[PDB]
Amino acid sequence: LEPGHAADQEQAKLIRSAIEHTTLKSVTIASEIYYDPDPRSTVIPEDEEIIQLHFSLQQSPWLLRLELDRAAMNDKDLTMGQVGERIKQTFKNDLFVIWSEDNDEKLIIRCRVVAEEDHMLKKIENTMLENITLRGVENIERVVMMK
Amino acid sequence: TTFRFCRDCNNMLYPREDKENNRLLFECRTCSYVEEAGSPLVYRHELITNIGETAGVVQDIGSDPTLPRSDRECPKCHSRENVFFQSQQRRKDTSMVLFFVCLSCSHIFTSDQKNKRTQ
Amino acid sequence: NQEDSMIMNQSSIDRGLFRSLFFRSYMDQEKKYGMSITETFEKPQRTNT
Amino acid sequence: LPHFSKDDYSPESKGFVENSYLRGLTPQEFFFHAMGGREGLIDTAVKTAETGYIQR
Amino acid sequence: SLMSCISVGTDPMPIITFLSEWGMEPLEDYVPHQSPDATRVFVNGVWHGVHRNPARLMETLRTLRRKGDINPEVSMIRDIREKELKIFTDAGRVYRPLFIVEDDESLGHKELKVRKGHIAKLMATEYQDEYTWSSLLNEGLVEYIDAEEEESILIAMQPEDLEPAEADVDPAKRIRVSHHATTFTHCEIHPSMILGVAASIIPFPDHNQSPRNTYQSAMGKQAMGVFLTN
Amino acid sequence: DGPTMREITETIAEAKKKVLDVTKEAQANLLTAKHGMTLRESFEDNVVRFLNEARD
Amino acid sequence: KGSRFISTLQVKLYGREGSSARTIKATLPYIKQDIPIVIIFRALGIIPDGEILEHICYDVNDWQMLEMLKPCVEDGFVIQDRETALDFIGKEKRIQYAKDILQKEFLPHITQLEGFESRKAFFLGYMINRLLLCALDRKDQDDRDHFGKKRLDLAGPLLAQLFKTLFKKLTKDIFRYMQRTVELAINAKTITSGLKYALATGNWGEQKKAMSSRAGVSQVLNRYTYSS
Amino acid sequence: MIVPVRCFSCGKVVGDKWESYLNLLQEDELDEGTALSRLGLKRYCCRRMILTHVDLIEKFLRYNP
Amino acid sequence: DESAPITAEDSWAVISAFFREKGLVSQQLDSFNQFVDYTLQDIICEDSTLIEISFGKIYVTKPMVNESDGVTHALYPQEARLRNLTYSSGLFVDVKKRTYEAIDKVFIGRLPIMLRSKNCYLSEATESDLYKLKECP
RNA sequence: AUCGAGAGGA
DNA sequence: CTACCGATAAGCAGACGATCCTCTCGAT
Ligand SMILES: [Zn+2]
Ligand SMILES: [Zn+2]
Ligand SMILES: [Zn+2]
């Protein structure tokens, strides 16, 4: 640790989470592809609440929908926002992403490409699991604090 | 998930888009058949799983002399007759939870005190 | 009797302690082949050899 | 060992040897300790091979 | 080990025949999606067909081996949870004999099948030297088992200290495990038979650190004696 | 030691129940994973430690 | 009993966990490559996609398993009938070649005759099932050191290997003394002298010894003590 | 291989006691302990001399030539 | 009584029952008897028949010697050791020779014998016979 | 005598 | 706006593998 600012335990946790490498694969319960044609509406009743919002502070009928383990979303300091912007800035301008609030009943991220298009969304979800670095330095797998 | 087969060919049915009417159609590409879809769910992955936990829990499970027998009560056949085991889902990061079988009504219960359970 | 070594009673050896016979056997045959060349068992002497 | 039930994780089930050389090992204990001993003989034979080559 | 043997290798064909005469659809008539519970049946790695209700199939098979009518050295492994029943007449399989524990008396509640009565007739035969190993084997008092079958049985270690029930202790004695499983199928003839010919000479091996025991078995072979009388 | 044998015995015996409890704990899904290791890995670690200490 | 044909079959699941396009191909003896499994299944008898899976996945509700086999079906879409499946393997005369391999070399235990397929077809389904049941991480890899899966070869089986070789070399020699008798000289020494050599040396082979079975099988007893 | 003369460890003659011992065991049905005692073998080294002894000469004599 | 359970003592009675009936090298002997009694007949039938010469029932003598220039002696283990010979029985087979009609008993080498197997002389000798034969009982 | 093989010692 | 190259990844090949020692056995 910095010669500071060297025995400050909580200051040391910050550094760990800064380097311990985290993939999206390691937080997702399941991934699903649904046919949901109404960009403005959902066949899935669970969501719905989520759909009205994210129009405030063209697409495709093919919805990709992820579910994130709330349990392991604390074992690493992860907010839905970071998880989203992270996805967002990968594909930048050809994937439209929405997501659930951080403390909702379930944690979900919904994405649409922006035919033969049933197959392209499935290749994305490969990149999405096996290529998104949430935070940390690749290779640095597990990390332990010691005194 | 669940997916289906052709009524005539008996082959795999691949999904296709209605476009005009906004609905999902499976079709076979061996013959010509075409049906409307039953769910909107087309594909599903699961990384953290459940299926294959209770595994081959079958009638004669009582006769298996190598399963241990606990002293638990059973949630419904209020019997104290049961066999038990750890998640058959043999994988590095599975919990250590026990699953019980009421050798009286074959009701499957768990030793778990954190998780919800519908088997 | 140090470092995996031992002291043994000479008196009790004399009385036959841990005694063994040892046998060895030696084998031999006359010749291997020839219709007119056989080896001989004999107590040999000279003859030019 | 097949004298045990399934999913038994207790000490004795997996190699703990409650006894001492004076008290004497139980049948199970005897076997487990045997399994442990073999592992020792094995890499003594393997060490001397490895180190004999390192030295050279 | 002392008491182990090797399969010589019988002919499968009486069994295959017997099987398809006690249920068991052959394989080409089998339709999976309509009889999913069917325990599938293998002989020597050949899948001959399936069988619903295998707990009677298996109960007959075992009673036939213990009658003698199926060669005692054939091994039969019913796997309850894997829905499989596998029979091996393969030659060259190692196996060892052990006592057969059986539900007796009341639906407790296990006993050994050998009794004091049986032991007396064996010793009758020893002293007057009628009733032989084969006698024990033919009357289903004793059984052969190979590692594969070993997989599906619960073995006791000693008749007494592994099942008299429950109702003080000597401090010098080695500390016991438990009963703690009351669902036995077999009992060890004796634990000391796990040892081979050489380690059988070691006095108190259970008080020795194991690698030594190995050393002694290297040296027992090198010791002068009297290899033969003639 | 007569008395010493009793101690040694009641000393292992505590490490017996101490393992019981952790096991009993893990079976009821209230065992938490030590950062960076599996649920079952941490159990083995705990148990192996309670047993080395027991011996020593 | 009689003849030793160790032809090993591999069913191998391509593409890692994380990698997509998880095909299942298989290795056939004599066969220059590895064939998608759905071609094998046609090549046998089974043609319709849903029957092939029937022979593999024994449960209608096992969506995960089924899901895994979706890329296999696409893998064999280019082929849709017995005669063209058999054709991939390997004139026209190459169809014949394949029809034999499936019945002579492919899983020779079971049968080696003609009228079966259905049995070889179910067993392949069983292998596949077992493989997938393992990639799905629902049953473990196999213990390669489980004594119930090993066999000890003794005097009989050893001598029987040897005798076959010797007796066939004897038998081949009479077909040769049959020819030269253009218009009773049985070389007994072959069997006598051959069996001695393998019991004399360790070389379980007769004048080959390249066969490292020479590992001294058969060595000079040992009589230092009754116990030795 | 015949009863050795003289206990190894001490030197007391035991070579003349094999016959008597076999008789005290068979004829008077005695036990090896009181057999040995009666033959005047007190120190446990001489006791081992006879108690251990295996008489293989009998089996050697059984070969005809 | 006699229906009574067994104690750990009574188990040596049974180990004694074993061993009395199988001895110590049974797994050697059983391998060999299986080879001789059954398996050896099979190796004969296979590619066996020729193209017409066919084979049949195989016969195994009791071990003997071929005393060059002289008689066929019946050979015992002791003599074999001493004379550096091979304790081995001869093999005889039924060889049929079918000369069609149209369309349109025999020595076959010597098999070494495992001692104290069924085919060996020692296999059913009483202890006194063994001393006579100089083989150790 | 040599080539190989096997057993065994620290 | 297709080809040419120097370039980074993907893929079968191998030469080692403790010292010294002792004995015996088959084959040539
Ligand atoms: Zn169709
Ligand atoms: Zn119940
Ligand atoms: Zn004395």
# chains A, B, ... in the order shown; residues from 1 in each chain; ligands from 1
>>> residues_near_ligand(ligand="ligand 2", cutoff="8 Å", atoms="only C-alpha atoms (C1' of nucleotides) and all ligand atoms", output="number ranges by chain")
B: 74-79, 101-108
>>> write_last_selection(atoms="N, CA, C and O atoms", output="short mmCIF file (atom, residue, chain, number, x, y, z; two decimals), in the first residue's frame")
data_model
loop_
_atom_site.label_atom_id
_atom_site.label_comp_id
_atom_site.auth_asym_id
_atom_site.auth_seq_id
_atom_site.Cartn_x
_atom_site.Cartn_y
_atom_site.Cartn_z
N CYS B 74 -40.90 -35.35 8.90
CA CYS B 74 -41.23 -34.91 7.59
C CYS B 74 -42.37 -33.89 7.57
O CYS B 74 -43.43 -34.16 8.14
N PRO B 75 -42.15 -32.74 6.89
CA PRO B 75 -43.17 -31.71 6.70
C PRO B 75 -44.62 -32.16 6.43
O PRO B 75 -45.52 -31.49 6.90
N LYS B 76 -44.86 -33.26 5.69
CA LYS B 76 -46.25 -33.78 5.54
C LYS B 76 -46.56 -35.21 6.10
O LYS B 76 -47.22 -35.30 7.13
N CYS B 77 -46.10 -36.32 5.47
CA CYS B 77 -46.15 -37.63 6.20
C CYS B 77 -45.30 -37.43 7.39
O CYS B 77 -44.05 -37.65 7.29
N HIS B 78 -45.98 -37.03 8.50
CA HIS B 78 -45.30 -36.67 9.75
C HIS B 78 -44.41 -37.78 10.35
O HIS B 78 -44.09 -37.77 11.53
N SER B 79 -43.98 -38.69 9.46
CA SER B 79 -43.15 -39.84 9.72
C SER B 79 -41.74 -39.39 9.91
O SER B 79 -41.37 -38.31 9.46
N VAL B 101 -35.87 -37.57 1.68
CA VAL B 101 -37.03 -38.22 1.04
C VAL B 101 -37.91 -38.99 2.09
O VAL B 101 -37.42 -39.97 2.68
N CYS B 102 -39.14 -38.57 2.31
CA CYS B 102 -39.97 -39.22 3.31
C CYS B 102 -40.32 -40.65 2.90
O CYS B 102 -41.38 -40.89 2.32
N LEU B 103 -39.43 -41.61 3.19
CA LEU B 103 -39.70 -42.96 2.82
C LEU B 103 -41.16 -43.38 3.06
O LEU B 103 -41.50 -44.52 2.77
N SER B 104 -42.03 -42.49 3.57
CA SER B 104 -43.47 -42.80 3.70
C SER B 104 -44.36 -42.20 2.61
O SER B 104 -45.33 -42.81 2.22
N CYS B 105 -44.04 -41.00 2.13
CA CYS B 105 -44.85 -40.37 1.07
C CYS B 105 -43.97 -39.73 0.02
O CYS B 105 -44.40 -38.95 -0.82
N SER B 106 -42.71 -40.05 0.08
CA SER B 106 -41.83 -39.71 -1.01
C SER B 106 -41.78 -38.17 -1.19
O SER B 106 -41.26 -37.66 -2.18
N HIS B 107 -42.26 -37.44 -0.18
CA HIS B 107 -42.14 -35.99 -0.14
C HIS B 107 -40.67 -35.62 -0.02
O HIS B 107 -39.97 -36.17 0.84
N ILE B 108 -40.18 -34.72 -0.87
CA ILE B 108 -38.73 -34.33 -0.85
C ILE B 108 -38.58 -33.00 -0.13
O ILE B 108 -39.13 -31.98 -0.59
#
>>> residues_near_ligand(ligand="ligand 1", cutoff="12 Å", atoms="only C-alpha atoms (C1' of nucleotides) and all ligand atoms", output="list in words")
residues 4, 5, 6, 7, 8, 9, 10, 11, 12, 13, 14, 26, 27, 28, 29, 30, 31, 32, 33, 34 and 35 of chain B; 48, 49 and 50 of chain G
>>> write_last_selection(atoms="N, CA, C and O atoms", output="mmCIF file, in the first residue's frame")
data_model
loop_
_atom_site.group_PDB
_atom_site.id
_atom_site.type_symbol
_atom_site.label_atom_id
_atom_site.label_comp_id
_atom_site.auth_asym_id
_atom_site.auth_seq_id
_atom_site.Cartn_x
_atom_site.Cartn_y
_atom_site.Cartn_z
ATOM 1 N N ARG B 4 -40.173 -27.889 -30.120
ATOM 2 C CA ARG B 4 -41.099 -28.834 -30.751
ATOM 3 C C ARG B 4 -40.653 -29.353 -32.115
ATOM 4 O O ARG B 4 -39.653 -28.884 -32.680
ATOM 5 N N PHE B 5 -41.408 -30.332 -32.623
ATOM 6 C CA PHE B 5 -41.123 -31.004 -33.894
ATOM 7 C C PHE B 5 -42.274 -30.973 -34.938
ATOM 8 O O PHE B 5 -43.446 -30.762 -34.613
ATOM 9 N N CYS B 6 -41.910 -31.199 -36.195
ATOM 10 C CA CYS B 6 -42.854 -31.259 -37.278
ATOM 11 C C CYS B 6 -43.835 -32.407 -37.075
ATOM 12 O O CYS B 6 -43.465 -33.468 -36.581
ATOM 13 N N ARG B 7 -45.091 -32.182 -37.449
ATOM 14 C CA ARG B 7 -46.149 -33.177 -37.293
ATOM 15 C C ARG B 7 -45.970 -34.246 -38.355
ATOM 16 O O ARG B 7 -46.232 -35.418 -38.099
ATOM 17 N N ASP B 8 -45.492 -33.829 -39.530
ATOM 18 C CA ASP B 8 -45.256 -34.727 -40.664
ATOM 19 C C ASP B 8 -43.830 -35.321 -40.671
ATOM 20 O O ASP B 8 -43.693 -36.521 -40.492
ATOM 21 N N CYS B 9 -42.783 -34.495 -40.836
ATOM 22 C CA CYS B 9 -41.371 -34.982 -40.927
ATOM 23 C C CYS B 9 -40.798 -35.563 -39.632
ATOM 24 O O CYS B 9 -39.951 -36.477 -39.658
ATOM 25 N N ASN B 10 -41.238 -34.983 -38.513
ATOM 26 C CA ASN B 10 -40.673 -35.224 -37.192
ATOM 27 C C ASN B 10 -39.272 -34.634 -37.007
ATOM 28 O O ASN B 10 -38.430 -35.219 -36.334
ATOM 29 N N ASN B 11 -39.037 -33.464 -37.598
ATOM 30 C CA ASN B 11 -37.762 -32.778 -37.475
ATOM 31 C C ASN B 11 -37.856 -31.555 -36.627
ATOM 32 O O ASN B 11 -38.937 -31.122 -36.258
ATOM 33 N N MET B 12 -36.686 -31.020 -36.320
ATOM 34 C CA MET B 12 -36.534 -29.831 -35.518
ATOM 35 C C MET B 12 -37.239 -28.653 -36.188
ATOM 36 O O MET B 12 -37.120 -28.451 -37.414
ATOM 37 N N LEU B 13 -37.974 -27.897 -35.371
ATOM 38 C CA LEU B 13 -38.688 -26.712 -35.828
ATOM 39 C C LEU B 13 -37.921 -25.442 -35.459
ATOM 40 O O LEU B 13 -37.699 -25.174 -34.281
ATOM 41 N N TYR B 14 -37.544 -24.670 -36.482
ATOM 42 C CA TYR B 14 -36.768 -23.435 -36.352
ATOM 43 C C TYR B 14 -37.663 -22.211 -36.403
ATOM 44 O O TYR B 14 -38.510 -22.124 -37.287
ATOM 45 N N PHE B 26 -42.672 -21.050 -35.576
ATOM 46 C CA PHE B 26 -41.769 -22.149 -35.840
ATOM 47 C C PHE B 26 -42.128 -22.767 -37.170
ATOM 48 O O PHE B 26 -43.296 -22.864 -37.498
ATOM 49 N N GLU B 27 -41.124 -23.187 -37.925
ATOM 50 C CA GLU B 27 -41.345 -23.852 -39.188
ATOM 51 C C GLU B 27 -40.333 -24.955 -39.391
ATOM 52 O O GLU B 27 -39.234 -24.839 -38.914
ATOM 53 N N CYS B 28 -40.689 -26.031 -40.075
ATOM 54 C CA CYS B 28 -39.717 -27.072 -40.388
ATOM 55 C C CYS B 28 -39.141 -26.805 -41.752
ATOM 56 O O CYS B 28 -39.843 -26.327 -42.643
ATOM 57 N N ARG B 29 -37.863 -27.090 -41.930
ATOM 58 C CA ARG B 29 -37.252 -26.866 -43.237
ATOM 59 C C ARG B 29 -36.866 -28.171 -43.917
ATOM 60 O O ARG B 29 -35.942 -28.220 -44.726
ATOM 61 N N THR B 30 -37.587 -29.230 -43.570
ATOM 62 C CA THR B 30 -37.535 -30.474 -44.303
ATOM 63 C C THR B 30 -38.693 -30.525 -45.272
ATOM 64 O O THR B 30 -38.529 -30.939 -46.413
ATOM 65 N N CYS B 31 -39.873 -30.112 -44.828
ATOM 66 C CA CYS B 31 -41.035 -30.233 -45.692
ATOM 67 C C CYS B 31 -41.712 -28.899 -46.049
ATOM 68 O O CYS B 31 -41.699 -28.490 -47.235
ATOM 69 N N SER B 32 -42.327 -28.246 -45.045
ATOM 70 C CA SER B 32 -43.166 -27.051 -45.288
ATOM 71 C C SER B 32 -44.048 -26.626 -44.116
ATOM 72 O O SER B 32 -44.442 -25.465 -44.046
ATOM 73 N N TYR B 33 -44.353 -27.570 -43.225
ATOM 74 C CA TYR B 33 -45.156 -27.352 -42.026
ATOM 75 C C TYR B 33 -44.805 -26.034 -41.311
ATOM 76 O O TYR B 33 -43.695 -25.519 -41.468
ATOM 77 N N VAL B 34 -45.764 -25.481 -40.558
ATOM 78 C CA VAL B 34 -45.606 -24.205 -39.852
ATOM 79 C C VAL B 34 -46.651 -24.067 -38.757
ATOM 80 O O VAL B 34 -47.828 -24.121 -39.042
ATOM 81 N N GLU B 35 -46.234 -23.841 -37.516
ATOM 82 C CA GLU B 35 -47.187 -23.582 -36.435
ATOM 83 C C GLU B 35 -46.882 -22.287 -35.644
ATOM 84 O O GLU B 35 -45.736 -21.828 -35.604
ATOM 85 N N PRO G 48 -35.183 -39.214 -38.963
ATOM 86 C CA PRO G 48 -35.826 -37.992 -38.459
ATOM 87 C C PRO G 48 -35.182 -37.433 -37.184
ATOM 88 O O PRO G 48 -34.953 -38.192 -36.225
ATOM 89 N N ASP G 49 -34.921 -36.115 -37.183
ATOM 90 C CA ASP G 49 -34.196 -35.417 -36.090
ATOM 91 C C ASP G 49 -34.711 -35.818 -34.714
ATOM 92 O O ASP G 49 -33.928 -36.239 -33.870
ATOM 93 N N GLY G 50 -36.025 -35.725 -34.517
ATOM 94 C CA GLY G 50 -36.671 -36.047 -33.244
ATOM 95 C C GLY G 50 -36.509 -37.470 -32.731
ATOM 96 O O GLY G 50 -36.624 -37.691 -31.534
#
>>> select_by_dssp(residues="chain A", states="strand (DSSP E or B)", output="PDB file with N, CA, C and O atoms, in the first residue's frame")
ATOM      1  N   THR A  22     -13.360  -8.813 -12.535  1.00  0.00           N
ATOM      2  CA  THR A  22     -14.738  -9.316 -12.494  1.00  0.00           C
ATOM      3  C   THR A  22     -15.375  -9.364 -13.890  1.00  0.00           C
ATOM      4  O   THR A  22     -15.495  -8.314 -14.549  1.00  0.00           O
ATOM      5  N   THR A  23     -15.777 -10.570 -14.336  1.00  0.00           N
ATOM      6  CA  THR A  23     -16.551 -10.758 -15.600  1.00  0.00           C
ATOM      7  C   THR A  23     -18.050 -10.738 -15.361  1.00  0.00           C
ATOM      8  O   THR A  23     -18.530 -11.044 -14.267  1.00  0.00           O
ATOM      9  N   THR A  28     -24.242 -13.318 -13.572  1.00  0.00           N
ATOM     10  CA  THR A  28     -25.490 -13.675 -14.244  1.00  0.00           C
ATOM     11  C   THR A  28     -25.995 -15.044 -13.781  1.00  0.00           C
ATOM     12  O   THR A  28     -25.232 -15.999 -13.759  1.00  0.00           O
ATOM     13  N   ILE A  29     -27.273 -15.125 -13.407  1.00  0.00           N
ATOM     14  CA  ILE A  29     -27.949 -16.391 -13.129  1.00  0.00           C
ATOM     15  C   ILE A  29     -28.214 -17.092 -14.441  1.00  0.00           C
ATOM     16  O   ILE A  29     -27.656 -18.159 -14.700  1.00  0.00           O
ATOM     17  N   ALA A  30     -29.083 -16.483 -15.256  1.00  0.00           N
ATOM     18  CA  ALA A  30     -29.478 -17.017 -16.563  1.00  0.00           C
ATOM     19  C   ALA A  30     -29.493 -15.921 -17.602  1.00  0.00           C
ATOM     20  O   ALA A  30     -29.610 -14.735 -17.262  1.00  0.00           O
ATOM     21  N   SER A  31     -29.370 -16.328 -18.864  1.00  0.00           N
ATOM     22  CA  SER A  31     -29.622 -15.424 -19.995  1.00  0.00           C
ATOM     23  C   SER A  31     -30.774 -15.997 -20.838  1.00  0.00           C
ATOM     24  O   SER A  31     -30.816 -17.209 -21.037  1.00  0.00           O
ATOM     25  N   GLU A  32     -31.710 -15.158 -21.309  1.00  0.00           N
ATOM     26  CA  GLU A  32     -32.786 -15.608 -22.232  1.00  0.00           C
ATOM     27  C   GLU A  32     -33.014 -14.701 -23.440  1.00  0.00           C
ATOM     28  O   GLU A  32     -32.845 -13.481 -23.350  1.00  0.00           O
ATOM     29  N   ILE A  33     -33.406 -15.307 -24.560  1.00  0.00           N
ATOM     30  CA  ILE A  33     -33.840 -14.585 -25.753  1.00  0.00           C
ATOM     31  C   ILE A  33     -35.324 -14.811 -25.905  1.00  0.00           C
ATOM     32  O   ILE A  33     -35.776 -15.940 -25.919  1.00  0.00           O
ATOM     33  N   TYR A  34     -36.070 -13.728 -26.013  1.00  0.00           N
ATOM     34  CA  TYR A  34     -37.497 -13.777 -26.155  1.00  0.00           C
ATOM     35  C   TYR A  34     -37.865 -13.091 -27.432  1.00  0.00           C
ATOM     36  O   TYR A  34     -37.180 -12.174 -27.865  1.00  0.00           O
ATOM     37  N   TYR A  35     -38.972 -13.509 -28.027  1.00  0.00           N
ATOM     38  CA  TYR A  35     -39.585 -12.696 -29.047  1.00  0.00           C
ATOM     39  C   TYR A  35     -40.553 -11.761 -28.337  1.00  0.00           C
ATOM     40  O   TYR A  35     -41.578 -12.210 -27.794  1.00  0.00           O
ATOM     41  N   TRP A  62     -36.402  -8.736 -31.263  1.00  0.00           N
ATOM     42  CA  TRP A  62     -35.657  -9.731 -30.550  1.00  0.00           C
ATOM     43  C   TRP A  62     -35.045  -9.133 -29.270  1.00  0.00           C
ATOM     44  O   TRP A  62     -34.093  -8.354 -29.347  1.00  0.00           O
ATOM     45  N   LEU A  63     -35.603  -9.504 -28.110  1.00  0.00           N
ATOM     46  CA  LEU A  63     -35.146  -9.060 -26.774  1.00  0.00           C
ATOM     47  C   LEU A  63     -34.195 -10.051 -26.142  1.00  0.00           C
ATOM     48  O   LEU A  63     -34.532 -11.216 -26.069  1.00  0.00           O
ATOM     49  N   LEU A  64     -33.037  -9.602 -25.659  1.00  0.00           N
ATOM     50  CA  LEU A  64     -32.122 -10.442 -24.858  1.00  0.00           C
ATOM     51  C   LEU A  64     -32.228  -9.969 -23.437  1.00  0.00           C
ATOM     52  O   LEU A  64     -32.135  -8.772 -23.189  1.00  0.00           O
ATOM     53  N   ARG A  65     -32.421 -10.899 -22.511  1.00  0.00           N
ATOM     54  CA  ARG A  65     -32.791 -10.563 -21.138  1.00  0.00           C
ATOM     55  C   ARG A  65     -31.928 -11.317 -20.147  1.00  0.00           C
ATOM     56  O   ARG A  65     -31.956 -12.555 -20.152  1.00  0.00           O
ATOM     57  N   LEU A  66     -31.193 -10.601 -19.288  1.00  0.00           N
ATOM     58  CA  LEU A  66     -30.302 -11.251 -18.307  1.00  0.00           C
ATOM     59  C   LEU A  66     -30.798 -11.114 -16.902  1.00  0.00           C
ATOM     60  O   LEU A  66     -31.438 -10.120 -16.555  1.00  0.00           O
ATOM     61  N   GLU A  67     -30.498 -12.116 -16.091  1.00  0.00           N
ATOM     62  CA  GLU A  67     -30.811 -12.023 -14.679  1.00  0.00           C
ATOM     63  C   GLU A  67     -29.559 -12.180 -13.815  1.00  0.00           C
ATOM     64  O   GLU A  67     -28.770 -13.109 -14.010  1.00  0.00           O
ATOM     65  N   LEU A  68     -29.401 -11.263 -12.858  1.00  0.00           N
ATOM     66  CA  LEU A  68     -28.157 -11.109 -12.118  1.00  0.00           C
ATOM     67  C   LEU A  68     -28.335 -11.550 -10.680  1.00  0.00           C
ATOM     68  O   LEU A  68     -29.339 -11.228 -10.055  1.00  0.00           O
ATOM     69  N   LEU A  95     -26.865  -1.383 -29.607  1.00  0.00           N
ATOM     70  CA  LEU A  95     -27.556  -2.183 -28.620  1.00  0.00           C
ATOM     71  C   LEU A  95     -28.213  -1.262 -27.622  1.00  0.00           C
ATOM     72  O   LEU A  95     -27.546  -0.480 -26.963  1.00  0.00           O
ATOM     73  N   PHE A  96     -29.530  -1.354 -27.518  1.00  0.00           N
ATOM     74  CA  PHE A  96     -30.274  -0.479 -26.629  1.00  0.00           C
ATOM     75  C   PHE A  96     -30.617  -1.164 -25.311  1.00  0.00           C
ATOM     76  O   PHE A  96     -31.380  -2.123 -25.281  1.00  0.00           O
ATOM     77  N   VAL A  97     -30.057  -0.648 -24.223  1.00  0.00           N
ATOM     78  CA  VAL A  97     -30.110  -1.340 -22.952  1.00  0.00           C
ATOM     79  C   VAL A  97     -30.913  -0.600 -21.896  1.00  0.00           C
ATOM     80  O   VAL A  97     -30.818   0.625 -21.756  1.00  0.00           O
ATOM     81  N   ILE A  98     -31.706  -1.366 -21.162  1.00  0.00           N
ATOM     82  CA  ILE A  98     -32.511  -0.873 -20.058  1.00  0.00           C
ATOM     83  C   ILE A  98     -32.210  -1.803 -18.915  1.00  0.00           C
ATOM     84  O   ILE A  98     -31.736  -2.901 -19.154  1.00  0.00           O
ATOM     85  N   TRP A  99     -32.472  -1.394 -17.680  1.00  0.00           N
ATOM     86  CA  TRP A  99     -32.289  -2.310 -16.554  1.00  0.00           C
ATOM     87  C   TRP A  99     -33.081  -1.964 -15.315  1.00  0.00           C
ATOM     88  O   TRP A  99     -33.522  -0.843 -15.154  1.00  0.00           O
ATOM     89  N   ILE A 108     -32.560  -7.392 -13.546  1.00  0.00           N
ATOM     90  CA  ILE A 108     -32.700  -7.722 -14.963  1.00  0.00           C
ATOM     91  C   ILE A 108     -32.199  -6.640 -15.908  1.00  0.00           C
ATOM     92  O   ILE A 108     -32.389  -5.452 -15.667  1.00  0.00           O
ATOM     93  N   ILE A 109     -31.577  -7.074 -16.994  1.00  0.00           N
ATOM     94  CA  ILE A 109     -31.061  -6.174 -17.997  1.00  0.00           C
ATOM     95  C   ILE A 109     -31.652  -6.582 -19.308  1.00  0.00           C
ATOM     96  O   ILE A 109     -31.558  -7.743 -19.653  1.00  0.00           O
ATOM     97  N   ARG A 110     -32.229  -5.644 -20.049  1.00  0.00           N
ATOM     98  CA  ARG A 110     -32.909  -5.961 -21.304  1.00  0.00           C
ATOM     99  C   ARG A 110     -32.242  -5.276 -22.466  1.00  0.00           C
ATOM    100  O   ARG A 110     -32.010  -4.080 -22.409  1.00  0.00           O
ATOM    101  N   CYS A 111     -31.967  -6.011 -23.539  1.00  0.00           N
ATOM    102  CA  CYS A 111     -31.228  -5.444 -24.680  1.00  0.00           C
ATOM    103  C   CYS A 111     -31.805  -5.769 -26.037  1.00  0.00           C
ATOM    104  O   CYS A 111     -32.261  -6.878 -26.253  1.00  0.00           O
ATOM    105  N   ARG A 112     -31.756  -4.822 -26.965  1.00  0.00           N
ATOM    106  CA  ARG A 112     -32.236  -5.068 -28.321  1.00  0.00           C
ATOM    107  C   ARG A 112     -31.197  -4.592 -29.325  1.00  0.00           C
ATOM    108  O   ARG A 112     -30.618  -3.544 -29.127  1.00  0.00           O
ATOM    109  N   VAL A 113     -30.944  -5.344 -30.392  1.00  0.00           N
ATOM    110  CA  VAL A 113     -30.069  -4.849 -31.459  1.00  0.00           C
ATOM    111  C   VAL A 113     -30.697  -3.632 -32.106  1.00  0.00           C
ATOM    112  O   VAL A 113     -31.927  -3.550 -32.221  1.00  0.00           O
ATOM    113  N   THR A 133     -15.407  -6.955 -19.280  1.00  0.00           N
ATOM    114  CA  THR A 133     -14.726  -6.764 -18.026  1.00  0.00           C
ATOM    115  C   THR A 133     -15.515  -5.708 -17.317  1.00  0.00           C
ATOM    116  O   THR A 133     -15.663  -4.608 -17.834  1.00  0.00           O
ATOM    117  N   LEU A 134     -16.054  -6.055 -16.154  1.00  0.00           N
ATOM    118  CA  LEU A 134     -16.770  -5.071 -15.341  1.00  0.00           C
ATOM    119  C   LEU A 134     -15.817  -4.094 -14.683  1.00  0.00           C
ATOM    120  O   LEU A 134     -15.963  -2.873 -14.857  1.00  0.00           O
ATOM    121  N   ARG A 135     -14.848  -4.640 -13.941  1.00  0.00           N
ATOM    122  CA  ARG A 135     -13.823  -3.866 -13.241  1.00  0.00           C
ATOM    123  C   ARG A 135     -12.626  -4.771 -12.961  1.00  0.00           C
ATOM    124  O   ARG A 135     -12.772  -5.987 -12.844  1.00  0.00           O
TER     125      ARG A 135
END
